[PDB]
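Asks: After the structure tokens below, expect a handful of questions from me.
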Amino acid sequence: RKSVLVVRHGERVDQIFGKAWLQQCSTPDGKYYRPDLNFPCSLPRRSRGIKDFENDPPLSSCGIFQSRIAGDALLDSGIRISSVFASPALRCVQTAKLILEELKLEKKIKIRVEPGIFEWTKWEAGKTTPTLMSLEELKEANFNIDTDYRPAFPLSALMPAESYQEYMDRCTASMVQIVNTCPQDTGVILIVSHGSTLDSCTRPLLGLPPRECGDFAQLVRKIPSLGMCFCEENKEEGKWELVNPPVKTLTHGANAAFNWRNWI
Amino acid sequence: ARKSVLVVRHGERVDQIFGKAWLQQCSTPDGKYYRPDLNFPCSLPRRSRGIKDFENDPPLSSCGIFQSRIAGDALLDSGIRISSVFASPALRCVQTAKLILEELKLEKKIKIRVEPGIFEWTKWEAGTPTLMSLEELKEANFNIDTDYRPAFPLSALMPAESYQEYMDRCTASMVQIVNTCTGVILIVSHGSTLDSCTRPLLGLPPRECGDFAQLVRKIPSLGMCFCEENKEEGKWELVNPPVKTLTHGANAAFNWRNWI
């Protein structure tokens with residue numbers, strides 16, 4: 001039974017360590033270090049050193065954990081993943097890769113990067129698209145990217161401070177392209193993206209117009225890291241329906257910092 | 001390269017997230033284990049007597065496993081040498097100790113010395129407490145040191161002990177711990193342990209209870225306290241822990257039916 005599984009990326013470092021996270025993990029000469037264990041072990045190599053990560057931040061160590069444990073659960077559920085699409089955000093592509101590794105499909109399935117499902121530009125740093133990693137850079141960072149895939153949109157088409165309606169229209173238009181890419185295929189089309197994507201990419205499949213922005217927003221507030229929305233196609237009736245996701249929720253506590261000097 | 005004591009708090013325990021009846025949420029009517037949420041661990045430890053006893057001796061959450069692993073991973077990088085390992089008999093502590101050892105690649109080399117004397121203050125537990133026996137731990141694939149004679153046995157832990165009575169058995173245990181066997185002694189235990197087991201090393205008397213408790217509130221999962229021995233001066237001193245802090249956010253449950 002053909003289906004689409006939309007998945008929110010794992011915890012992003014700047015969610016915890018704030019908008020200036022990069023300044024906390026950078027030396028004067030622009031080199032990386034971990035001031036806290038939730039900063040990732042390393043950062044992949046990128047053109048202008050590590051400058052361009054500032055608004056395209058990686059997963060935290062926790063976000064890696066979340067991604068891995070969800071992927072492990074997807075393996076155990078037994079469902080078949082036929083393809084994987086991803087927002088060009090590094091956090092989303094990183095989440096895609098970690099899931100594929102746990103499924104043992106990292107070498108068999110390439111990631112199709114689709115700038116058309118990038119986050120609503122109203123919710124980004126400068127109310128605009130940041131510098132993202134090139135596909136050449138992702139290959140060099142050992143991501144198995146599908147360079148033959150012709151995406152619905154280039155990143156440059158994404159308007160800064162686009163309206164709610166414009167954001168929904170480009171996600172809808174992207175979901176036309178996504179479904180038509182290998183249409184015979186049954187199996188799960190995995191889409192690893194942002195919170196908003198759970199609604200923006202499933203609505204058009206269900207034959208529904210966008211929600212009122214308010215209701216959309218309230219619904220997105222509640223999507224946790226690696227939250228999922230699952231839609232199955234009923235082939236006979238030519239119709240899609242929302243379904244219980246193939247894995248359970250993931251619920252855990254925070255962990256605060258401590259200052260050892262307090263003991264003195 | 002001095003002698004030292006690294007005290008580490010266990011990772012996230014499942015019941016801190018899923019409450020006191022966590023066992024009833026992951027148990028079938030006929031007593032088999034299932035995972036209602038992914039933060040419940042992959043499995044409970046192989047125990048033959050059944051799952052009933054875990055209720056008040058809860059294991060690490062998935063997050064707790066992650067926390068333990070990433071902490072142990074960083075200890076390996078720091079390049080310090082762990083020579084022995086002591087652990088509170090609570091499963092969560094022993095589990096954290098195994099996970100750290102695995103990351104240090106010493107799970108086969110160093111046996112875990114279970115010391116009931118550094119168990120949690122019994123005023124902060126349910127009510128003797130219902131733990132896994134050393135044979136049950138061995139059975140569950142834990143590399144325990146059965147030869148070890150502990151300063152305190154499981155039976156000695158009486159309910160509703162006083163603050164002072166808890167401090168006394170911790171200092172008493174630290175006397176022993178120091179004598180048994182110049183690498184790092186690892187103590188994987190509870191939040192309270194970071195203070196209760198380091199004060200006597202430094203030669204300090206117990207804190208006032210309130211000062212103690214106020215300090216224990218602030219100790220996160222995998223939190224550490226590190227004392228180095230100055231052999232020349234015959235004195236111990238607190239030192240910056242060998243690995244960094246671990247700060248991360250929470251994750252809430254979502255209900256997919258909200259989308260319909």
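Naming works like this for the structure tokens: A, B, ... for the chains as they're shown, residue 1 at the start of each chain, ligands 1 onward in shown order.
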Any idea which chain B residues end up within 7 Å of chain A if we count only C-alpha atoms, as a PyMOL selection string please?

Replies: chain B and resi 17+36-39+63+66+218-221+240+244-254+256

Asks: Convert the current residue selection to file output with N, CA, C and O atoms, as an mmCIF file, in the first residue's frame.

Replies:
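Wrote result39.cif, looks like this:
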```
data_model
loop_
_atom_site.group_PDB
_atom_site.id
_atom_site.type_symbol
_atom_site.label_atom_id
_atom_site.label_comp_id
_atom_site.auth_asym_id
_atom_site.auth_seq_id
_atom_site.Cartn_x
_atom_site.Cartn_y
_atom_site.Cartn_z
ATOM 1 N N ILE B 17 10.037 9.986 33.877
ATOM 2 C CA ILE B 17 9.224 10.458 32.768
ATOM 3 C C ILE B 17 7.832 9.850 32.788
ATOM 4 O O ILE B 17 6.847 10.543 32.534
ATOM 5 N N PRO B 36 5.389 1.000 25.003
ATOM 6 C CA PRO B 36 4.332 1.920 24.576
ATOM 7 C C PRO B 36 4.870 3.224 23.983
ATOM 8 O O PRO B 36 4.183 3.860 23.198
ATOM 9 N N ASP B 37 6.087 3.601 24.364
ATOM 10 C CA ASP B 37 6.771 4.801 23.863
ATOM 11 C C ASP B 37 8.211 4.376 23.606
ATOM 12 O O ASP B 37 8.713 3.479 24.275
ATOM 13 N N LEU B 38 8.881 5.006 22.651
ATOM 14 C CA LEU B 38 10.246 4.608 22.287
ATOM 15 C C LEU B 38 11.283 4.910 23.377
ATOM 16 O O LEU B 38 12.399 4.392 23.340
ATOM 17 N N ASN B 39 10.929 5.743 24.346
ATOM 18 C CA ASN B 39 11.838 6.016 25.442
ATOM 19 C C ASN B 39 11.880 4.894 26.488
ATOM 20 O O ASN B 39 12.726 4.905 27.388
ATOM 21 N N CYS B 63 16.848 7.546 26.551
ATOM 22 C CA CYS B 63 17.601 8.784 26.711
ATOM 23 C C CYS B 63 18.739 8.573 27.699
ATOM 24 O O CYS B 63 19.856 9.030 27.476
ATOM 25 N N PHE B 66 21.475 6.754 25.931
ATOM 26 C CA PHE B 66 22.181 7.756 25.130
ATOM 27 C C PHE B 66 23.101 8.651 25.975
ATOM 28 O O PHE B 66 24.264 8.869 25.614
ATOM 29 N N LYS B 218 20.465 20.425 41.724
ATOM 30 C CA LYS B 218 21.075 20.964 40.504
ATOM 31 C C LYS B 218 21.932 19.965 39.703
ATOM 32 O O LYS B 218 22.485 20.327 38.662
ATOM 33 N N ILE B 219 22.025 18.720 40.179
ATOM 34 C CA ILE B 219 22.842 17.678 39.542
ATOM 35 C C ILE B 219 22.042 16.973 38.452
ATOM 36 O O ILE B 219 21.088 16.272 38.756
ATOM 37 N N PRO B 220 22.441 17.139 37.179
ATOM 38 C CA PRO B 220 21.717 16.533 36.068
ATOM 39 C C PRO B 220 22.160 15.096 35.821
ATOM 40 O O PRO B 220 23.037 14.587 36.523
ATOM 41 N N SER B 221 21.559 14.460 34.820
ATOM 42 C CA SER B 221 21.906 13.096 34.451
ATOM 43 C C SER B 221 23.334 13.061 33.935
ATOM 44 O O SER B 221 23.726 13.912 33.144
ATOM 45 N N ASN B 240 38.229 20.304 38.058
ATOM 46 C CA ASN B 240 37.342 20.337 36.902
ATOM 47 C C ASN B 240 37.181 18.924 36.342
ATOM 48 O O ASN B 240 38.176 18.278 36.033
ATOM 49 N N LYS B 244 33.062 17.414 29.515
ATOM 50 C CA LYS B 244 32.166 18.562 29.562
ATOM 51 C C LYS B 244 30.751 18.171 29.980
ATOM 52 O O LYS B 244 30.408 16.984 30.045
ATOM 53 N N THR B 245 29.937 19.191 30.243
ATOM 54 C CA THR B 245 28.525 19.016 30.567
ATOM 55 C C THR B 245 27.710 18.516 29.367
ATOM 56 O O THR B 245 28.178 18.541 28.231
ATOM 57 N N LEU B 246 26.491 18.055 29.632
ATOM 58 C CA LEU B 246 25.584 17.587 28.592
ATOM 59 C C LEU B 246 24.241 18.269 28.762
ATOM 60 O O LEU B 246 23.477 17.926 29.657
ATOM 61 N N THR B 247 23.949 19.223 27.887
ATOM 62 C CA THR B 247 22.743 20.028 27.997
ATOM 63 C C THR B 247 21.874 19.768 26.784
ATOM 64 O O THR B 247 22.290 20.045 25.661
ATOM 65 N N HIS B 248 20.672 19.241 27.003
ATOM 66 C CA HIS B 248 19.724 19.031 25.904
ATOM 67 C C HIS B 248 18.281 19.203 26.340
ATOM 68 O O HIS B 248 17.964 19.184 27.531
ATOM 69 N N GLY B 249 17.412 19.367 25.350
ATOM 70 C CA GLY B 249 16.011 19.656 25.592
ATOM 71 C C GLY B 249 15.174 18.415 25.812
ATOM 72 O O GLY B 249 15.667 17.295 25.744
ATOM 73 N N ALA B 250 13.896 18.640 26.073
ATOM 74 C CA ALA B 250 12.915 17.583 26.235
ATOM 75 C C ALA B 250 12.282 17.219 24.902
ATOM 76 O O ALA B 250 12.492 17.893 23.906
ATOM 77 N N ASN B 251 11.524 16.131 24.903
ATOM 78 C CA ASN B 251 10.686 15.749 23.778
ATOM 79 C C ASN B 251 9.325 15.317 24.318
ATOM 80 O O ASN B 251 9.238 14.474 25.216
ATOM 81 N N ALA B 252 8.271 15.921 23.789
ATOM 82 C CA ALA B 252 6.917 15.640 24.235
ATOM 83 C C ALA B 252 6.286 14.586 23.330
ATOM 84 O O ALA B 252 6.757 14.340 22.222
ATOM 85 N N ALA B 253 5.228 13.953 23.813
ATOM 86 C CA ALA B 253 4.431 13.060 22.975
ATOM 87 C C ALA B 253 3.469 13.899 22.150
ATOM 88 O O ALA B 253 3.067 14.975 22.575
ATOM 89 N N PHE B 254 3.112 13.394 20.975
ATOM 90 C CA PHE B 254 2.120 14.022 20.118
ATOM 91 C C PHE B 254 1.090 12.959 19.819
ATOM 92 O O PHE B 254 1.389 11.769 19.893
ATOM 93 N N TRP B 256 -1.440 11.753 16.865
ATOM 94 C CA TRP B 256 -1.666 11.875 15.430
ATOM 95 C C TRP B 256 -3.133 12.136 15.049
ATOM 96 O O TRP B 256 -3.408 12.657 13.972
#
```

Asks: I'd like the neighbourhood of residue 14 of chain B as number ranges by chain, where a residue qualifies if any of its atoms comes within 7 Å (using only C-alpha atoms), though same-chain residues fewer than 6 positions away should be ignored.

Replies: B: 40, 58-61

Asks: Skip residue 116 of chain A itself and residues of its chain fewer than 5 positions away, then list as a PyMOL selection string all residues within 6 Å of it, counting only C-alpha atoms.

Replies: chain A and resi 153+170-171+174

Asks: Restricted to N, CA and C atoms, what would the selected residues look like written as a short mmCIF file (atom, residue, chain, number, x, y, z; two decimals), in the first residue's frame?

Replies:
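Saved result, selection28.cif, follows:
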```cif
data_model
loop_
_atom_site.label_atom_id
_atom_site.label_comp_id
_atom_site.auth_asym_id
_atom_site.auth_seq_id
_atom_site.Cartn_x
_atom_site.Cartn_y
_atom_site.Cartn_z
N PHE A 153 11.57 23.14 -7.27
CA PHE A 153 12.05 24.50 -7.06
C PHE A 153 13.54 24.54 -6.82
N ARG A 170 3.76 26.31 -2.68
CA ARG A 170 5.02 25.68 -3.12
C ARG A 170 5.23 24.27 -2.56
N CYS A 171 4.70 24.00 -1.37
CA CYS A 171 4.70 22.64 -0.82
C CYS A 171 3.75 21.73 -1.59
N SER A 174 5.41 21.09 -4.89
CA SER A 174 6.49 20.14 -4.68
C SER A 174 5.97 18.72 -4.52
#
```

Asks: Out of B:136, B:125, B:77, B:145, which residue has the shortest atom-to-atom distance to residue 158 of chain B when counting only C-alpha atoms?

Replies: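 Closest to residue 158 of chain B, using only C-alpha atoms: B:125.
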
Asks: List the spatial neighbours of residue 176 of chain A as a list in words - criterion: any atom at most 10 Å away, only C-alpha atoms, same-chain residues fewer than 3 positions off excluded.

Replies: residues 152, 170, 171, 172, 173, 179, 180, 181, 201, 204 and 205 of chain A

Asks: Would you pick out the contacts of segment 171-175 of chain B at 7 Å or less, using only C-alpha atoms, so that residues sharing its chain but fewer than 4 positions from it are not included, and give the list as a list in words?

Replies: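 Everything that qualifies: residues 117, 118, 151, 167, 179, 197 and 200 of chain B.
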
Asks: Please report the interatomic distance between atom CA of residue 84 of chain A and atom CA of residue 34 of chain B in Å with one decimal.

Replies: 29.2 Å

Asks: For the strand (DSSP E) assignment from backbone DSSP, which residues of segment 17-189 of chain B qualify? Please present them as a ChimeraX atom specification.

Replies: /B:82-87,112-114,184-189

Asks: Save out the residues we just selected, N, CA, C and O atoms, as a PDB file, in the first residue's frame.

Replies:
```
ATOM      1  N   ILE B  82      40.811   4.487  33.790  1.00  0.00           N
ATOM      2  CA  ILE B  82      39.956   3.977  34.864  1.00  0.00           C
ATOM      3  C   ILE B  82      40.483   2.603  35.284  1.00  0.00           C
ATOM      4  O   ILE B  82      40.625   1.719  34.446  1.00  0.00           O
ATOM      5  N   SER B  83      40.773   2.431  36.572  1.00  0.00           N
ATOM      6  CA  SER B  83      41.363   1.188  37.080  1.00  0.00           C
ATOM      7  C   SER B  83      40.341   0.296  37.780  1.00  0.00           C
ATOM      8  O   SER B  83      40.402  -0.927  37.662  1.00  0.00           O
ATOM      9  N   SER B  84      39.426   0.904  38.533  1.00  0.00           N
ATOM     10  CA  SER B  84      38.345   0.156  39.180  1.00  0.00           C
ATOM     11  C   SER B  84      37.005   0.862  39.024  1.00  0.00           C
ATOM     12  O   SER B  84      36.953   2.044  38.676  1.00  0.00           O
ATOM     13  N   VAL B  85      35.926   0.119  39.276  1.00  0.00           N
ATOM     14  CA  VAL B  85      34.564   0.645  39.169  1.00  0.00           C
ATOM     15  C   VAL B  85      33.661   0.130  40.289  1.00  0.00           C
ATOM     16  O   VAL B  85      33.467  -1.085  40.447  1.00  0.00           O
ATOM     17  N   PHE B  86      33.109   1.071  41.052  1.00  0.00           N
ATOM     18  CA  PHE B  86      32.124   0.783  42.086  1.00  0.00           C
ATOM     19  C   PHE B  86      30.780   1.342  41.645  1.00  0.00           C
ATOM     20  O   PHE B  86      30.713   2.307  40.872  1.00  0.00           O
ATOM     21  N   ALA B  87      29.707   0.732  42.128  1.00  0.00           N
ATOM     22  CA  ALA B  87      28.379   1.141  41.721  1.00  0.00           C
ATOM     23  C   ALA B  87      27.363   0.844  42.790  1.00  0.00           C
ATOM     24  O   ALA B  87      27.415  -0.196  43.439  1.00  0.00           O
ATOM     25  N   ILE B 112      32.633  -4.889  37.940  1.00  0.00           N
ATOM     26  CA  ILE B 112      31.929  -3.837  38.666  1.00  0.00           C
ATOM     27  C   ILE B 112      31.726  -4.238  40.124  1.00  0.00           C
ATOM     28  O   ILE B 112      31.092  -5.252  40.411  1.00  0.00           O
ATOM     29  N   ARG B 113      32.259  -3.441  41.044  1.00  0.00           N
ATOM     30  CA  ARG B 113      32.143  -3.742  42.467  1.00  0.00           C
ATOM     31  C   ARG B 113      30.886  -3.098  43.036  1.00  0.00           C
ATOM     32  O   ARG B 113      30.850  -1.901  43.278  1.00  0.00           O
ATOM     33  N   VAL B 114      29.852  -3.900  43.250  1.00  0.00           N
ATOM     34  CA  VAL B 114      28.580  -3.394  43.753  1.00  0.00           C
ATOM     35  C   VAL B 114      28.708  -3.082  45.238  1.00  0.00           C
ATOM     36  O   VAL B 114      29.004  -3.964  46.037  1.00  0.00           O
ATOM     37  N   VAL B 184      42.039   6.117  37.905  1.00  0.00           N
ATOM     38  CA  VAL B 184      40.794   6.723  38.356  1.00  0.00           C
ATOM     39  C   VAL B 184      39.853   5.643  38.888  1.00  0.00           C
ATOM     40  O   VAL B 184      39.585   4.652  38.202  1.00  0.00           O
ATOM     41  N   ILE B 185      39.363   5.835  40.114  1.00  0.00           N
ATOM     42  CA  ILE B 185      38.273   5.021  40.653  1.00  0.00           C
ATOM     43  C   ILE B 185      36.970   5.656  40.184  1.00  0.00           C
ATOM     44  O   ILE B 185      36.720   6.834  40.458  1.00  0.00           O
ATOM     45  N   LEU B 186      36.157   4.886  39.465  1.00  0.00           N
ATOM     46  CA  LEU B 186      34.867   5.364  38.980  1.00  0.00           C
ATOM     47  C   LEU B 186      33.766   4.923  39.925  1.00  0.00           C
ATOM     48  O   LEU B 186      33.664   3.741  40.253  1.00  0.00           O
ATOM     49  N   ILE B 187      32.939   5.875  40.352  1.00  0.00           N
ATOM     50  CA  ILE B 187      31.789   5.579  41.202  1.00  0.00           C
ATOM     51  C   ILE B 187      30.514   6.022  40.483  1.00  0.00           C
ATOM     52  O   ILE B 187      30.229   7.211  40.384  1.00  0.00           O
ATOM     53  N   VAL B 188      29.759   5.055  39.971  1.00  0.00           N
ATOM     54  CA  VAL B 188      28.501   5.334  39.280  1.00  0.00           C
ATOM     55  C   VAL B 188      27.351   5.094  40.242  1.00  0.00           C
ATOM     56  O   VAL B 188      27.071   3.953  40.632  1.00  0.00           O
ATOM     57  N   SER B 189      26.683   6.177  40.617  1.00  0.00           N
ATOM     58  CA  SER B 189      25.735   6.142  41.717  1.00  0.00           C
ATOM     59  C   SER B 189      24.625   7.180  41.510  1.00  0.00           C
ATOM     60  O   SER B 189      24.126   7.320  40.396  1.00  0.00           O
TER      61      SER B 189
END
```

Asks: Enumerate as a ChimeraX atom specification all residues of segment 77-232 of chain B assigned to alpha helix (DSSP H) by DSSP on the backbone, naming them with the chain letters and numbers the document uses.

Replies: /B:77-78,91-104,134-139,163-179,193-196,199-202,209-217

Asks: Skip residue 78 of chain A itself and residues of its chain fewer than 2 positions away, then list as a PDB file with N, CA, C and O atoms, in the first residue's frame all residues within 12 Å of it, counting only C-alpha atoms.

Replies:
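New file selection_21.pdb:
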```pdb
ATOM      1  N   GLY A  71      14.776   5.578  13.641  1.00  0.00           N
ATOM      2  CA  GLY A  71      15.175   4.721  12.520  1.00  0.00           C
ATOM      3  C   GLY A  71      15.215   3.252  12.912  1.00  0.00           C
ATOM      4  O   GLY A  71      14.794   2.391  12.150  1.00  0.00           O
ATOM      5  N   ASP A  72      15.717   2.981  14.115  1.00  0.00           N
ATOM      6  CA  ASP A  72      15.736   1.629  14.674  1.00  0.00           C
ATOM      7  C   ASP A  72      14.323   1.054  14.801  1.00  0.00           C
ATOM      8  O   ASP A  72      14.094  -0.119  14.506  1.00  0.00           O
ATOM      9  N   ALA A  73      13.382   1.886  15.239  1.00  0.00           N
ATOM     10  CA  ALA A  73      11.982   1.480  15.367  1.00  0.00           C
ATOM     11  C   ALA A  73      11.323   1.238  14.010  1.00  0.00           C
ATOM     12  O   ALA A  73      10.482   0.355  13.883  1.00  0.00           O
ATOM     13  N   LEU A  74      11.702   2.032  13.010  1.00  0.00           N
ATOM     14  CA  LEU A  74      11.214   1.859  11.638  1.00  0.00           C
ATOM     15  C   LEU A  74      11.698   0.547  11.023  1.00  0.00           C
ATOM     16  O   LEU A  74      10.961  -0.105  10.290  1.00  0.00           O
ATOM     17  N   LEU A  75      12.941   0.175  11.312  1.00  0.00           N
ATOM     18  CA  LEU A  75      13.460  -1.122  10.908  1.00  0.00           C
ATOM     19  C   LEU A  75      12.621  -2.252  11.508  1.00  0.00           C
ATOM     20  O   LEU A  75      12.246  -3.190  10.804  1.00  0.00           O
ATOM     21  N   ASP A  76      12.333  -2.149  12.803  1.00  0.00           N
ATOM     22  CA  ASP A  76      11.635  -3.212  13.532  1.00  0.00           C
ATOM     23  C   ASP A  76      10.158  -3.333  13.152  1.00  0.00           C
ATOM     24  O   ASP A  76       9.574  -4.414  13.272  1.00  0.00           O
ATOM     25  N   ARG A  80       8.457  -1.095   4.338  1.00  0.00           N
ATOM     26  CA  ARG A  80       9.432  -0.940   3.271  1.00  0.00           C
ATOM     27  C   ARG A  80       9.484   0.520   2.841  1.00  0.00           C
ATOM     28  O   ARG A  80       8.453   1.105   2.503  1.00  0.00           O
ATOM     29  N   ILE A  81      10.685   1.099   2.880  1.00  0.00           N
ATOM     30  CA  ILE A  81      10.923   2.459   2.412  1.00  0.00           C
ATOM     31  C   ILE A  81      11.419   2.368   0.983  1.00  0.00           C
ATOM     32  O   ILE A  81      12.485   1.817   0.750  1.00  0.00           O
ATOM     33  N   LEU A 103      18.141   1.712   9.056  1.00  0.00           N
ATOM     34  CA  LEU A 103      17.421   0.810   8.152  1.00  0.00           C
ATOM     35  C   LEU A 103      18.366  -0.056   7.304  1.00  0.00           C
ATOM     36  O   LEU A 103      17.938  -1.052   6.721  1.00  0.00           O
ATOM     37  N   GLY A 187       5.226   1.106  -1.481  1.00  0.00           N
ATOM     38  CA  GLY A 187       6.198   1.356  -0.430  1.00  0.00           C
ATOM     39  C   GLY A 187       6.067   2.761   0.115  1.00  0.00           C
ATOM     40  O   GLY A 187       5.240   3.550  -0.345  1.00  0.00           O
ATOM     41  N   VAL A 188       6.896   3.067   1.105  1.00  0.00           N
ATOM     42  CA  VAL A 188       6.829   4.336   1.796  1.00  0.00           C
ATOM     43  C   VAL A 188       7.746   5.351   1.126  1.00  0.00           C
ATOM     44  O   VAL A 188       8.922   5.078   0.864  1.00  0.00           O
ATOM     45  N   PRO A 246       3.798   4.336  11.781  1.00  0.00           N
ATOM     46  CA  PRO A 246       4.266   2.968  11.949  1.00  0.00           C
ATOM     47  C   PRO A 246       5.173   2.764  13.165  1.00  0.00           C
ATOM     48  O   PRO A 246       5.519   1.620  13.460  1.00  0.00           O
ATOM     49  N   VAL A 247       5.559   3.851  13.843  1.00  0.00           N
ATOM     50  CA  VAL A 247       6.276   3.763  15.120  1.00  0.00           C
ATOM     51  C   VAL A 247       5.671   4.647  16.213  1.00  0.00           C
ATOM     52  O   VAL A 247       4.950   5.612  15.949  1.00  0.00           O
TER      53      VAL A 247
END
```

Asks: Counting only C-alpha atoms, figure out which residue out of A:169, A:58, A:210, A:190 gets nearest to residue 112 of chain A.

Replies: A:190

Asks: Calculate how many Å separate atom CA of residue 237 of chain B from atom CA of residue 194 of chain B, rounding to one decimal.

Replies: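 Atom CA of residue 194 of chain B lies at a distance of 13.7 Å from atom CA of residue 237 of chain B.
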
Asks: Would you please work out which residue, of B:210, B:29, B:46, B:3, is nearest to residue 80 of chain B when using only C-alpha atoms?

Replies: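 That would be B:3, the residue with the smallest distance to residue 80 of chain B.
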
Asks: Record the distance separating atom CA of residue 239 of chain A and atom CA of residue 196 of chain A, expressed in Å with one decimal.

Replies: 22.5 Å

Asks: Which residues, written as a CSV table (one decimal) with N, CA, C and O atoms, in the first residue's frame, have at least one atom at most 9 Å from residue 203 of chain B, with only C-alpha atoms counted and residues fewer than 5 positions away on the same chain left out?

Replies:
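Output file part_18.csv is given in full below:
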```csv
chain,number,residue,atom,x,y,z
B,198,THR,N,32.3,12.7,48.4
B,198,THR,CA,33.4,13.6,48.2
B,198,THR,C,33.8,14.4,49.4
B,198,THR,O,35.0,14.7,49.6
B,235,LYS,N,46.4,15.2,50.9
B,235,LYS,CA,45.2,15.9,50.8
B,235,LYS,C,44.5,15.7,49.4
B,235,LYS,O,45.2,15.5,48.4
B,236,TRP,N,43.2,15.7,49.4
B,236,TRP,CA,42.4,15.6,48.2
B,236,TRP,C,41.8,17.0,47.9
B,236,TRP,O,41.6,17.8,48.8
```

Asks: Which residue, B:13, B:32, B:123, B:49, has the smallest gap to residue 65 of chain B when you use only C-alpha atoms?

Replies: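 Smallest distance to residue 65 of chain B is found for B:13.
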
Asks: Closest to residue 56 of chain B among B:128, B:230, B:196, B:255, using only C-alpha atoms?

Replies: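 So, comparing all the options, the nearest one is B:128.
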
Asks: From the set B:51, B:1, B:137, B:144, which residue has the shortest atom-to-atom contact distance to residue 22 of chain B, counting only C-alpha atoms?

Replies: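 Smallest separation from residue 22 of chain B among the options: B:51.
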